[PDB]
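Residue numbers (the authors' numbering), protein chains in the order written: chain o, 10 to 102; chain K, 2 to 60; chain j, 24 to 108; chain a, 46 to 77, 104 to 142; chain S, 49 to 204; chain R, 10 to 125; chain b, 2 to 149; chain Z, 35 to 149.
Positions of the beta carbon are idealized from the N, C-alpha and C atoms, including for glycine.
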Amino acid sequence: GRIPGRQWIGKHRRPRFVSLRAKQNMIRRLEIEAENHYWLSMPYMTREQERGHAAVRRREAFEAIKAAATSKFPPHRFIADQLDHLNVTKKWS
Amino acid sequence: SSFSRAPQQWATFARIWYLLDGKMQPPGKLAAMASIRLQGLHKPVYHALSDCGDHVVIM
Amino acid sequence: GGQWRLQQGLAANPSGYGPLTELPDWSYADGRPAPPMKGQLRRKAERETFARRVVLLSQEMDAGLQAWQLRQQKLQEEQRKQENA
Amino acid sequence: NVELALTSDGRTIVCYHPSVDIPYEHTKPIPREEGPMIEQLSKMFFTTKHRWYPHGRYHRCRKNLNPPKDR
Amino acid sequence: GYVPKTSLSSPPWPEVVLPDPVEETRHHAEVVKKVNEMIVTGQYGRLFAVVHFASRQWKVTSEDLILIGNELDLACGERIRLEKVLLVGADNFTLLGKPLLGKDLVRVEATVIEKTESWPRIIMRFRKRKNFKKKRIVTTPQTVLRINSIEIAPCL
Amino acid sequence: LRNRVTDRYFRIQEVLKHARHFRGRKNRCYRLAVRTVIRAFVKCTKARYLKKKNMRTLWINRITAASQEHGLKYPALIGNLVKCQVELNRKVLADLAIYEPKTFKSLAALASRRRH
Amino acid sequence: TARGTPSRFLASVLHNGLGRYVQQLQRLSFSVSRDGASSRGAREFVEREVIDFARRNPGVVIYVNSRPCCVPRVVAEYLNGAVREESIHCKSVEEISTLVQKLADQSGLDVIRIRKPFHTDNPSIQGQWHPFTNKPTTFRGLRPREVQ
Amino acid sequence: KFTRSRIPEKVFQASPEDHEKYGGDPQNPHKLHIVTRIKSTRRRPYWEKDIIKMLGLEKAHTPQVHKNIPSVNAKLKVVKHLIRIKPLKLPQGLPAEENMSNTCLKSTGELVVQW
Ligand SMILES: [Mg+2]
């Protein structure tokens with residue numbers, strides 16, 4: 010009793026059957042999403058009320074992004090870092 | 002408790018003899034009971050490598 | 024058995040919020056409290072950020088509603104004020 | 046044979062489980104060649120023959136002679 | 049509603065009757081008092097305790113050694129109190145928290161005996177025919193704690 | 010031969026020391042040893058998941074045995090302990106089953122009582 | 002790997018925590034070079050940290066040789082006789098400090114795989130389970146199907 | 035072809051039976067969603083992946099607070115099959131600056147200012 014070809018892809022596939030466990034899992038997901046529908050059905054503000062209520066914060070956030078982007082620049086260089094390399098030959102006298 | 006080491010180990014890992022009466026019993030259910038006992042899966046000290054199986058006598 | 028915990032209002036996972044994870048694991052034998060655990064500190068910081076976001080979003084939405092109310096009031100009062108002759 | 050009891054506040058469960066002795070009446074008085108060898112040992116210890124055959128030097132030398140001991 | 053006695057008339061499991069609450073409370077009080085008296089009189093030898101430390105539950109007794117897989121920020125030889133004790137048990141009685149026993153009941157104390165690194169653990173990633181091969185060696189910090197004593201108090 | 014490798018001995022030994030306990034030429038010949046040592050290390054890495062998976066299965070088996078000794082089934086024991094707010098984990102429950110049979114008997118009685 | 006490596010059980014040296022804690026590290030020997038970039042960090046450690054460590058660990062005898070062999074090293078000898086030798090080659094002061102503190106806090110027992118994260122000499126208080134725990138007895142100890 | 039799905043508006047019109055079932059009052063609706071990702075974005079369209087990233091639900095089972103406003107609701111409608119939405123309940127009102135560090139989100143969806 011063999012299934013011609015490769016299983017699960019061809020015209021003739023292994024018969025797959027739905028277990029009670031699979032049905033329960035799907036029903037659980039469906040219930041979660043029905044609740045999602047209910048909770049998405051009651052907007053707090055209308056579209057016209059929300060228009061522009063976050064504009065200031067969004068603009069400040071993008072100002073921060075622009076500042077970070079435009080502040081990119083090579084780091085400082087210190088004489089101390091250069092001179093500290095002389096310590097590789099520090100010894101005890 | 003308070004046993005010596007060797008007697009304690011002997012008691013813990015001793016193999017017990019069980020009796021099943023197969024009269025009018027389904028062979029599958031008999032076999033489930035017997036297989037559990039033979040493997041030793043009825044013992045909390047069970048481990049696959051401890052050889053903790055028991056004897057089962059089915060009549 | 025997480026469904027029962029959820030029904031009783033606890034965390035589904037006992038390793039979530041609860042006494043078993045939020046209380047100090049140990050203390051000095053003298054009684055001095057132990058330094059806060061790293062996970063507890065991280066979790067406190069996360070909860071603080073969550074509360075701060077809650078406050079920010081609520082305040083933004085309330086301010087938006089108040090601003091919309093003021094805009095409606097200004098529109099109606101101005102259209103009334105146009106009646107002057 | 047266990048007695049369970051919540052405390053008055055209901056925050057700790059107390060289990061009383063004394064050890065029960067065996068009744069005296071529930072006790073009895075004290076009473077007063105390689106092939107064949109492997110078959111005999113297998114029958115004696117309710118094992119198969121395969122356990123009793125020797126192993127090669129390689130396996131024997133692989134075995135650890137000073138295993139760690141706990142407790 | 050009477051149903052004649054058949055194989056399926058009643059559930060296979062034996063029917064259970066809830067004991068009358070008055071007698072239940074009386075029995076509960078009696079047992080609690082008896083165990084409290086045992087504690088008062090010191091009618092117990094070794095005590096064991098299930099204690100939640102680090103992220104795990106350890107079955108513990110006096111003089112036991114415990115290997116925590118992380119550094120604790122404690123000097124070696126320093127004494128500590130393990131505060132999340134889930135269970136404390138003796139030969140003849142056990143006390144179960146819901147989920148944790150009170151501080152007044154049980155006092156489990158430990159000592160930082162050792163601070164070590166684990167033996168080198170190998171992390172090897174390999175995928176065939178992809179020239180994908182990676183090797184890493186990781187040593188985890190560890191602390192050995194010795195459980196010094198487990199004390200219970202008659203606070204039931 | 011301006012630059013020639015002089016450490017190849019030690020580079021080979023680093024691999025071979027991990028293969029010394031293999032069978033056959035895999036413990037001697039670097040060509041064969043290196044392939045098997047890589048497989049050994051990959052197995053060692055992937056075995057950290059199976060160790061945890063098997064310990065829990067071992068704990069569940071031992072708890073099942075111990076609870077069946079008292080007429081309980083493992084699902085009933087675990088669920089009823091949770092409902093009674095006892096947060097003992099399976100490792101500890103198996104340890105109790107083995108070393109504190111009276112405490113485990115108490116827990117099984119508690120679980121059955123809660124069930125009823 | 003575990004199968005290709007020795008293993009031991011969790012243990013202390015002499016029940017190190019029961020009565021009192023005894024620091025198992027007893028000797029540190031720092032072989033350091035006067036000259037040589039390899040031992041620059043060791044020199045800084047000897048200058049700035051070895052004295053404070055010594056007075057923090059009065060039970061550890063610390064020797065400083067100022068004349069190494071083949072590399073600057075720290076040899077830690079523990080009470081149980083174990084000797085752990087660690088190269089301090091090209092290590093910074095902080096690296097050497099952490100390494101020395103690790104040696105101080107660590108016991109002489111081998112750093113190999115530890116089979117169990119716990120060690121009880123008295124694993125059972127109520128009696129280790131044996132097949133006859135939880136098994137009821139019968140009148141006169143009669144085995145099943147016994148005639149008398 | 036496979037395309038974005040337009041959810042008919044009648045899907046998001048609660049009935050009195052739903053109001054009783056779920057315990058939300060259409061008048062005085064809740065202000066904030068608690069959204070958790072309970073489903074992978076793998077094997078889902080790139081637009082659902084992008085919506086999840088926007089909403090900040092990359093980690094599953096990590097609650098995120100969002101405004102209960104029409105635009106956020108549009109995005110949530112797009113990815114409603116990957117998330118669990120519950121109203122954020124504030125029994126003691128929103129936390130004050132004093133107790134901002136002592137809040138905890140109970141599994142019931144309540145932000146309690148004591149922990
Ligand atoms: Mg085929």
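Beta-carbon proximity check, residue i vs residue j, cutoff 8 Å
| i | j | result |
| --- | --- | --- |
| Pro59(b) | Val33(b) | no |
| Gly41(j) | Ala34(j) | yes |
| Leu134(S) | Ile198(S) | no |
| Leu81(R) | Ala106(R) | no |
| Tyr61(a) | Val79(S) | yes |
| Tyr79(b) | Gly125(S) | no |
| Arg114(b) | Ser8(b) | yes |
| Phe101(S) | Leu143(S) | no |
| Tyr108(R) | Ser125(b) | yes |
| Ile85(Z) | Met54(o) | no |
| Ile52(b) | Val75(b) | no |
| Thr13(K) | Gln127(b) | no |
| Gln91(o) | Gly87(j) | no |
| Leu136(a) | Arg122(R) | no |
Distance cut-off 7 Å: residue i Cβ against heavy atoms of ligand 1
| i | result |
| --- | --- |
| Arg15(o) | yes |
Residue i classed as buried or exposed, judged by whether at least 16 other C-beta atoms fall within 10 angstroms
| i | result |
| --- | --- |
| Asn107(Z) | buried |
| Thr191(S) | buried |
| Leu66(Z) | buried |
| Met108(a) | exposed |
| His100(Z) | buried |
| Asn70(R) | buried |
| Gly90(S) | exposed |
| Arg194(S) | buried |
| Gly145(S) | buried |
| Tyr58(R) | exposed |
| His120(b) | buried |
| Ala7(K) | exposed |
| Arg70(j) | buried |
| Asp93(o) | exposed |
| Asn34(o) | exposed |
| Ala64(o) | exposed |
| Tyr47(o) | buried |
| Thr164(S) | buried |
| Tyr47(K) | buried |
| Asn118(S) | exposed |
| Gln107(b) | buried |
From the options, residue whose alpha carbon lies closest to that of residue i
| i | options | result |
| --- | --- | --- |
| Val62(b) | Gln27(b), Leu19(b) and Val47(b) | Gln27(b) |
| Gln24(b) | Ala123(S), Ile114(S), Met86(S) and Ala77(S) | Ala123(S) |
| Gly142(b) | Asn46(a), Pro74(a), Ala50(a) and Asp54(a) | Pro74(a) |
| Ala56(R) | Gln149(b), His16(b), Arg146(b) and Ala3(b) | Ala3(b) |
| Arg118(Z) | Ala31(o), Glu44(o), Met51(o) and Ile36(o) | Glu44(o) |
| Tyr129(a) | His30(R), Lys60(R) and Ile21(R) | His30(R) |
| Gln30(j) | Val91(R), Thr112(R), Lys111(R) and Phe113(R) | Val91(R) |
| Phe113(R) | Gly54(K), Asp55(K), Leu50(K) and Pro45(K) | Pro45(K) |
| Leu41(R) | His125(R), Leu25(R) and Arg11(R) | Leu25(R) |
Closer than 7 Å: residue i CB and nearest ligand 3 heavy atom
| i | result |
| --- | --- |
| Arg57(b) | Although ligand 3 was asked about, the structure shown includes only ligand 1 as ligands. |
Report task. Take every Cβ of the region 66 to 82 of chain j, pair it with every Cβ of the region 120 to 134 of chain Z, and state whether three or more of those distances are shorter than 8 Å. Result -> Look at the beta carbons and you see the region 66 to 82 of chain j touching the region 120 to 134 of chain Z: at least three pairs across the two are nearer than 8 Å.
Query raised in the report: For the region 137 to 155 of chain S against the region 166 to 175 of chain S, are there 3 or more C-beta pairs whose distance is under 8 Å?
Result: They do not touch, by the three-pair rule.
Query raised in the report: Is the region 84 to 100 of chain R touching the region 38 to 47 of chain b in the sense that three or more CB pairs, one from each, lie closer than 8 Å?
Result: Taking 8 Å as the limit for Cβ pairs, the verdict is that the region 84 to 100 of chain R does not touch the region 38 to 47 of chain b.
Requested in this report: May I ask you to verify whether the region 30 to 41 of chain K touches the region 43 to 53 of chain Z, counting CB pairs closer than 8 Å and requiring at least 3?
Outcome: Too few Cβ pairs lie closer than 8 Å, so no.
Query raised in the report: Are the region 55 to 63 of chain Z and the region 138 to 146 of chain Z in contact at 8 Å, needing three or more beta carbon pairs?
Result: Flag = no, the region 55 to 63 of chain Z and the region 138 to 146 of chain Z do not touch.
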